[PDB]
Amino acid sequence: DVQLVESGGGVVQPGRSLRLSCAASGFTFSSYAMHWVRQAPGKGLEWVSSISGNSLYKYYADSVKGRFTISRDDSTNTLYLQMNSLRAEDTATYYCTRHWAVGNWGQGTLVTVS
């Protein structure tokens, strides 16, 4: 059974650094490109960074280019994201997944039980 676990989040002075990790289990890790995605409160899902399955090619969204750097340790089946120079716009819940495509989600609707 395929599971992914995120860790490393916490509150940080605007300009410091903080590194996240993703513990992958249940799928041949090397055979997946791997993605970081973030959901800023009130907003949608935003692509942050990605690394190819063979650790050779990393990619970054513009909002994050130059400040963040993605890594992948195939031995321990964990994916990392080093965030440097944290801005306030970086604040979100950060998820790791093994697949992203840009425009696949609606805006939402609110259902309220009273």
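In case it trips you up, residue 1 is the first one in the sequence shown, and so on.
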property	result
Mean Cα B-factor comparison, 86-94 or 100-108, giving the higher one as deposited	100-108
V48 by Cα B-factor - lowest, middle or highest third of the modelled chain	lowest
Third assignment of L56 from its chain's C-alpha B-factors	middle
Modelled-residue ranking by C-alpha temperature factor, third containing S30	middle
Chain thirds of CA B-factor: placement of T78	lowest
Third of the chain, ranked by Cα B-factor, where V12 sits	highest
